[PDB]
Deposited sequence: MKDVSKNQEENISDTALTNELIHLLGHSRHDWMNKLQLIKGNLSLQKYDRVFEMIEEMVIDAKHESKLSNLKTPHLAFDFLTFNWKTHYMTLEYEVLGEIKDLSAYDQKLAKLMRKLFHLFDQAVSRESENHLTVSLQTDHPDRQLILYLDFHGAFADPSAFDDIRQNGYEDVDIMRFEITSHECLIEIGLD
């Protein structure tokens, strides 16, 4: 049974953040509408829909905490900007929400211990449901710069790991 005292207070806090984003988005739209540039303005809307279609998919993968930690990510960690895609048809990964979530928390932690607070550090997480013989593959594509590049060099089957001076490719596989 959910505490409506918690739910109320947190729905207002979170919608507050969703609203600042939606304002910061309309302003971009209006800004380039007011400088006559419809080609860019439709591009912007089409892109904004894209990203909301992935948010919808991450919501409908029945992975409650992974979705949560991912929507609220950018509202609460200034470390790097998350961005995510769900590739393949939606599936019920309810049974993997606790595993995937804790894993992503662990990876974010070791990325925060390692990314450089001076460059535009971005992380894209693309979840794959579409694989012939693995339940999910998570692809992490980082762009940025590191401080402690060493904090990973340590490291579910981690299928691939490439560190360059300004990129990182990790691919986790599941079953």
item	value
Missing CA stretches, deposited numbering from 1, N-terminus first	1-10, 166-172
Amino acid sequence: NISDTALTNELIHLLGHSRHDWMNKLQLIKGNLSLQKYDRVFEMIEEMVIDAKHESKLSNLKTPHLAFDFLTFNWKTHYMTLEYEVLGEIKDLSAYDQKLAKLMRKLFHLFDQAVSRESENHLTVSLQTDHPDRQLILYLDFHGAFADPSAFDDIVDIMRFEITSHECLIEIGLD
From here on, numbers count along this sequence of modelled residues.
| query | finding |
| --- | --- |
| Comparing 10-18 with 161-169, the one whose average Cα B-factor in the PDB entry is higher | 161-169 |
| Of 72-80 and 96-104, the stretch whose C-alpha atoms average the higher B-factor in the entry | 72-80 |
| Candidate residues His131, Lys37, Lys62, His109, the one whose C-alpha B factor the record puts highest | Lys37 |
| CA B-factor placement of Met44, once the chain's modelled residues are sorted into thirds | middle |
| Chain thirds of CA B-factor: placement of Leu58 | lowest |
| Chain-relative CA temperature factor third for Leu33 | highest |
| For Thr124, the third of its chain into which the C-alpha B factor falls | lowest |
